[PDB]
Each structure stands twice: as structure tokens, then as C-alpha cells.
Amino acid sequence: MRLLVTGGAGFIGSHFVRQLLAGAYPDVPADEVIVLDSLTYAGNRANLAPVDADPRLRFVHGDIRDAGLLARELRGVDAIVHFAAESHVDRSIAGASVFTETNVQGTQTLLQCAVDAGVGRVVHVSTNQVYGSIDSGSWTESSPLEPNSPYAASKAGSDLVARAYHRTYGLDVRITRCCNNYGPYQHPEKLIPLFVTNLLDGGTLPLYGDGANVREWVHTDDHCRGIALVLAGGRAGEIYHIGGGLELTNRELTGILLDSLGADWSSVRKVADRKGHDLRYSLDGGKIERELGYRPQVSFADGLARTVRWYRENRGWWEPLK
């Protein structure tokens, strides 16, 4: 079983690789694991340090946009788990082009090379942001694509490329959509690590707009497990939501973070709101529960405590990133 994981040196991808190599996914035979990652500002070899010497791992410093490389690296690969992408909304508003280049064009190159290489199946990792914003209720897999940021539209375009590969060429590609993830090794440009590390440095927390925005949080371990279940038992062309359950306003979350670190509101700063900021995300995960048996297993309280502790203990890791 040869598996290729793109974006495996990033936050979620590295967790997937680590778990896999650790044997957390018995149903996912992985005798050979190739990680393909271009090492952008978000890719970090340290994320794979724990599995560095594993004889089953091959690390490829390269790009999904590189057709030649792929045509070689995908030879005899049975499956691909695709996490490689530009992932930050803020960066997408500031410089949008890279998002279409990596997310849409990169996905197309990858999927065409998969077809050319006879790859058996692909799990295309996506996000709940393709659905825009939802005032009340939760989105299901049939919800409309109404992305509001360049990042979200790039992911949605990638999802559409995946569909077309399945419909035109018969490629067995499965799509997952998940809510905000959190956990160790998340880059500090993201909300939780940013705020936790800012407090660790005795700094302020830049709370966008009024902090009323709502996000659903899932520990990355749960997301990864959902992906492994889709990889092992999903169906060609299907979309699967992987949720975490827990919905919080950014204000609520900030309070929780402050509490966790013994800090107070005085460390918060109201800053201009993000342009086109999505008010609320909420996913319905009944499909994957009923069809594949997935449900989040890490409680926010526990997961969060552990994450904060991780940041406390790994300044050497995050400091250089800030």
C-alpha cells in the first residue's frame, strides 16, 4: 500500500501522517508513505520530526503544480490524501492570486496526474467555508456553494475540479469538508495559536470587529480520523462533512483562552473587522455518522487544555514562526 499525502508538512497533514505512521488507522494500510510538500511559510519539517527516521516515510520537497515530478512520484501510488493548499483567509484577501494558483490549478494538476498514473483513489480535503455564512441551522452536503472570500472560492473551485475528474475520467475522488481545526502544530497566524502565543509573550489580542463571529471547532485528531474513515470506506464522488460539534463566538473563545492562561480582558484589542468576514459557520455531520460511523471524540475542554499546554511547552517551535 503506497500512499501519497500532499501538504504533509503542514498543520493537519502532519498530524494525519504522524497518526497514520503511529498506527491510529488500522484500516488504512500504509507500507509506503510519501509526503509531498513545497515548504511554503506554512510547511515545517519540524512537524514531521517525530517520524523522520521511519523507514516507511519518504519526504518529497516539491510542488503539486509540478506535473513532471508528480508523473514520477505517483507511479504505483494507490491513494492520495490531498491537504496541500494556501489556507489563510487573511492572506487570501491581501494577495488572492496564490490561492487560485495553489488551490485550484494545483488541484487540477494533481488530479490529472493521478489519472495519468492510474491512482486508485483520492481524498480531496476541503472546508465548510465553501458554503458562505449561515445565520441559523447547519449545512448539509447538498448546501449551495456560496464562498465569500478568495480563499473559500479557491477551495470551492478545487472541489468542482474534483467532481469533474470523477465525472469525466472515472477518478475515484472523495471530498471532505470540515470546520475550524485546532491542535498542536497549528501555525500561529491562526486565531487560537495566535492568541495563546500573544498571551505567552505578554501581548494583546487583536479581536476582529466585535468578536461576534461564530466558528465550529474540532480537534485535528478528530478531523484526521474522519479523513481516514472516508479514505477507507467512502464512495467515489461523494462529499462528507466532518464536524467538531462545538460552536463559539470569537468573543466567547477569547474569554476561554484568557481563562486558560490567567489573563484578562485588558489584554484584548478591538481591531478593524476582516473584509467580507463570514458571520457564522455550522456543519451538519449526520451523513458521515450514519454512513461511516464518525463522531468527534475529543472534548473541547480536554482538547483545548492539551493544545494550550503544547504551546506553553513549545516556544522553540512557534517563536521562529511569528
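Residue positions are given as counts along the sequence shown, with the first one as 1.
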> Got a sec? Mean C-alpha B-factor, which is higher, 29-37 or 255-263?
Replying inline: 29-37
>> So, looking at the entry's B-factor column for Cα atoms, which has the higher mean, 209-217 or 178-186?
In response: 209-217
> Per the PDB entry, which option out of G157, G132, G76, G106 has the greatest Cα B factor?
Replying inline: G76
> How does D201 rank on Cα B-factor within its chain, lowest, middle or highest third?
Replying inline: highest
>> Going by the CA temperature factor in the PDB record, which third of the chain does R295 belong to: lowest, middle or highest?
In response: highest
>> Using the temperature factors of the C-alpha atoms in this entry, rank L70 within its chain: lowest, middle or highest third.
In response: lowest
> Against its chain's modelled residues, does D52's Cα B factor rank lowest, middle or highest third?
Replying inline: highest
>> How does the C-alpha B factor of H82 compare with the rest of the chain: lowest, middle or highest third?
In response: lowest
